[PDB]
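A.B. asks: what's the 3D shape of this:
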Amino acid sequence: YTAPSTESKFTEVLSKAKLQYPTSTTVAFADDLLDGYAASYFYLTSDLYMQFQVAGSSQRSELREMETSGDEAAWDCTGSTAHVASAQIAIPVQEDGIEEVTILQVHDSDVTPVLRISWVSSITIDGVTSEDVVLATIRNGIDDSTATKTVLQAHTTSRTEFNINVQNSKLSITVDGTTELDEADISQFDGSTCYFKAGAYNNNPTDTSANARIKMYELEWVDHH
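C.D. replies: Residues are numbered from 1 along each chain as shown. Right below this line is the structure:
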């Protein structure tokens, strides 16, 4: 397998990441990734996509945001400093039995995802069913398992620009340059710290042997002061 590190467009984000697979345990740290880490679940395609692939319920092949110092990313979820994740993602047609795949997250430093962006085979929101869409899920609180869900985009196989902007207790998502979630409130994470994630996180498959698969042509995360 060809390593994503062979493409300079990924050098910086890999320097600022560690790879988790198939669960929360890190399999490759930044220096491992930069030294050519590659596997069936994480490799560079011939047309220069970083592809994540994983099977199993709640299993993942996922990059977790890091500082170049080796510190885990842990920024104030609702602080004044803006944190931005940008990715160009091609979501292929998912294999039979794959029902939801999380491709980007804002996660707190414990057990709660602030935001998941995920492809879903179907979803029903306030009595409206949507099929084959890309979704934003924002948990209502650490002690509230419920979430506010928002359809962002009809699923396409085409390469799509996703931007997550977090600042001052609000979170915004743009898709191909169009705001699809405008300053959603995340004050329920006051006092939490946060980090970005990107990859393939397989949610509630009906075939635990099927492979979820997500491709990224560009990926970066930054802050601005």
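A.B. asks: which residues touch residue 184?
C.D. replies: 136, 138, 148, 150, 170, 171, 172 (Cβ atoms under 8 Å, 6 or more residues apart in numbering). No exception for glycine: its C-beta is placed from N, CA and C like everyone else's.
A.B. asks: So what does the fifth one look like in phi/psi?
C.D. replies: Residue 170 adopts backbone torsions of phi -120, psi 150, taken as degrees, to the nearest 10.
A.B. asks: Ok, the fourth one next?
C.D. replies: Dihedral angles phi and psi of residue 150 (degrees, to the nearest 10) take the values phi -140, psi 120.
A.B. asks: count of residues packed around the nearest residue to it once chain neighbours are set aside?
C.D. replies: Once flanking residues are discounted, residue 150 sits nearest to residue 136: 4.5 Å by Cβ to Cβ, 6 or more residues apart in numbering. Residue 136 is flanked by 24 other residues according to other Cβ atoms under 10 Å.
A.B. asks: Residue 136 and residue 119 touch, don't they?
C.D. replies: No - judged on Cβ atoms under 8 Å, residue 136 makes no contact with residue 119 at a distance of 11.6 Å.
A.B. asks: returning to what we had before: is it possible to mark the buried ones in the contacts of residue 184?
C.D. replies: 136, 138, 150, 171, 172 (16 or more other Cβ atoms under 10 Å).
A.B. asks: Okay, and which of those map to strands?
C.D. replies: Taking DSSP state E as the definition of strands, the buried ones among the contacts of residue 184 contribute 136, 138, 150, 171, 172.
A.B. asks: possible to save those as a markdown table with distance to residue 5?
C.D. replies: Listed next are those as a markdown table, based on distance: Cβ to Cβ, whole Å:
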| residue | distance to residue 5 |
| --- | --- |
| 136 | 30 |
| 138 | 33 |
| 150 | 34 |
| 171 | 30 |
| 172 | 31 |
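A.B. asks: tell me which of those is nearest to residue 161?
C.D. replies: Ranked by distance to residue 161 (Cβ to Cβ), these are led by residue 172 at 13.8 Å.
A.B. asks: What sits closest to that closest one if chain neighbours are left out?
C.D. replies: Residue 172 sits nearest to residue 165 (Cβ to Cβ, 6+ apart), 4.5 Å away.
A.B. asks: what about the helices in the chain?
C.D. replies: Ranges of helices in the chain, per DSSP state H, are 11-15, 30-34.
A.B. asks: any chance of those in a markdown table, plus mean neighbour count?
C.D. replies: Below are the helices of the chain laid out as a markdown table (neighbours: other Cβ atoms under 10 Å):
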| stretch | mean neighbour count |
| --- | --- |
| helix 11-15 | 19 |
| helix 30-34 | 18 |
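A.B. asks: As CSV, those with distance to residue 75 would be great.
C.D. replies: Below are these laid out as CSV (distance: least, Cβ to Cβ, whole Å):
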stretch, distance to residue 75
helix 11-15, 16
helix 30-34, 17
